[PDB]
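Notes to accompany the following structure.
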Amino acid sequence: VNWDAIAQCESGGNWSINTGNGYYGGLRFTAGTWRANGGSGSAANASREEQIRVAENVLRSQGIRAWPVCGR
């Protein structure tokens, strides 16, 4: 799917964002969802491709419903 378009809606495109609001990275991952789908450390330090790779696992276990508005 178009992950770049989804990321723009979720964080304006900043893949390395860590506002400390509980969500990390351009796709706004929680620490739980991140690792539980094959993530190392924090999503804010993880590369774009590595974030996209973990998102593919999220999309397969939870679905596109993980991004209620930006998943469109």
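Here's how to read the names in the structure tokens: chain A, B, ... by the order shown, residue numbers from 1 in each chain, ligand numbers from 1 in the order shown.
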
**Non-local contacts of residue A:2 (10 Å; only C-alpha atoms; under 4 positions in same chain excluded) as a list in words** =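 Contacts, with the query itself left out: residues 6, 7, 71 and 72 of chain A.
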
Go ahead and save the residues from that selection, with N, CA, C and O atoms, as a short mmCIF file (atom, residue, chain, number, x, y, z; two decimals), in the first residue's frame.
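Written out: selection_14.cif:
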```
data_model
loop_
_atom_site.label_atom_id
_atom_site.label_comp_id
_atom_site.auth_asym_id
_atom_site.auth_seq_id
_atom_site.Cartn_x
_atom_site.Cartn_y
_atom_site.Cartn_z
N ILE A 6 0.24 7.71 3.67
CA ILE A 6 -0.30 7.49 5.00
C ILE A 6 0.53 8.22 6.06
O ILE A 6 -0.01 8.75 7.03
N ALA A 7 1.84 8.25 5.85
CA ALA A 7 2.75 8.89 6.80
C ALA A 7 2.58 10.41 6.80
O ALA A 7 2.73 11.05 7.83
N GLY A 71 -5.24 5.68 6.84
CA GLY A 71 -5.09 4.41 6.14
C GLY A 71 -5.82 4.39 4.81
O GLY A 71 -5.57 3.51 3.98
N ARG A 72 -6.71 5.35 4.60
CA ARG A 72 -7.46 5.46 3.36
C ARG A 72 -6.54 5.62 2.16
O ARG A 72 -5.96 6.69 1.94
#
```

**Request:** Please provide the set of residues having any atom within 6 Å of stretch 19-33 of chain A, restricted to only C-alpha atoms, with same-chain residues fewer than 3 positions apart removed, written as a list in words.
**Result:**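 Within the cut-off, the hits are residues 7, 11, 14, 15, 16, 36, 43 and 44 of chain A.
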
If you keep N, CA and C atoms, can you produce a file of those selected residues as a compact mmCIF listing (two decimals), in the first residue's frame?
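Resulting contents of selection.txt:
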```txt
# COMPACT_ATOMS: atom_id res chain seq x y z
N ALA A 7 1.84 8.25 5.85
CA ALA A 7 2.75 8.89 6.80
C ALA A 7 2.58 10.41 6.80
N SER A 11 1.88 12.42 10.34
CA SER A 11 2.93 13.22 10.97
C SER A 11 3.56 14.26 10.05
N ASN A 14 7.39 13.54 8.68
CA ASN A 14 8.56 13.41 9.53
C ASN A 14 8.70 11.99 10.08
N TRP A 15 9.59 11.22 9.48
CA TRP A 15 9.78 9.82 9.84
C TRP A 15 10.56 9.64 11.14
N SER A 16 11.21 10.71 11.59
CA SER A 16 12.05 10.63 12.79
C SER A 16 11.47 11.42 13.95
N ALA A 36 6.24 -5.74 18.97
CA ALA A 36 5.41 -6.94 18.84
C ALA A 36 5.20 -7.35 17.38
N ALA A 43 10.95 3.49 17.09
CA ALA A 43 10.59 3.73 15.70
C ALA A 43 11.08 5.09 15.22
N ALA A 44 11.47 5.94 16.17
CA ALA A 44 11.97 7.27 15.85
C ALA A 44 13.40 7.20 15.30
```

**Item:** Per-residue DSSP, chain A, filtered to helix (DSSP H, G or I), as an NGL selection string
**Value:** :A and (3-11 or 31-36 or 48-61 or 64-66)

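Close contacts of stretch 47-62 of chain A, defined as residues with an atom at most 7 Å away when counting only C-alpha atoms, with chain neighbours fewer than 3 positions off set aside, comprise residues 3, 15, 34, 37, 38, 39, 43, 65 and 66 of chain A.
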
Can you write out the residues you just picked, keeping C-alpha atoms, as a compact mmCIF listing (two decimals), in the first residue's frame?
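Output below, filename result_1.txt:
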```
# COMPACT_ATOMS: atom_id res chain seq x y z
CA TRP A 3 2.80 4.08 3.07
CA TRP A 15 9.78 9.82 9.84
CA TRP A 34 6.29 -1.57 17.21
CA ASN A 37 5.46 -6.75 15.04
CA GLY A 38 9.23 -7.13 14.74
CA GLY A 39 10.69 -3.79 15.78
CA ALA A 43 10.59 3.73 15.70
CA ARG A 65 -7.90 -0.20 10.71
CA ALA A 66 -4.71 0.60 12.64
```

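Between atom CA of residue A:69 and atom CA of residue A:40 the interatomic distance comes to 26.2 Å.
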
**Item:** Residues near residue A:9, cut-off 8 Å, only C-alpha atoms, skip fewer than 4 positions along chain, as a ChimeraX atom specification
**Value:** /A:5,13,70
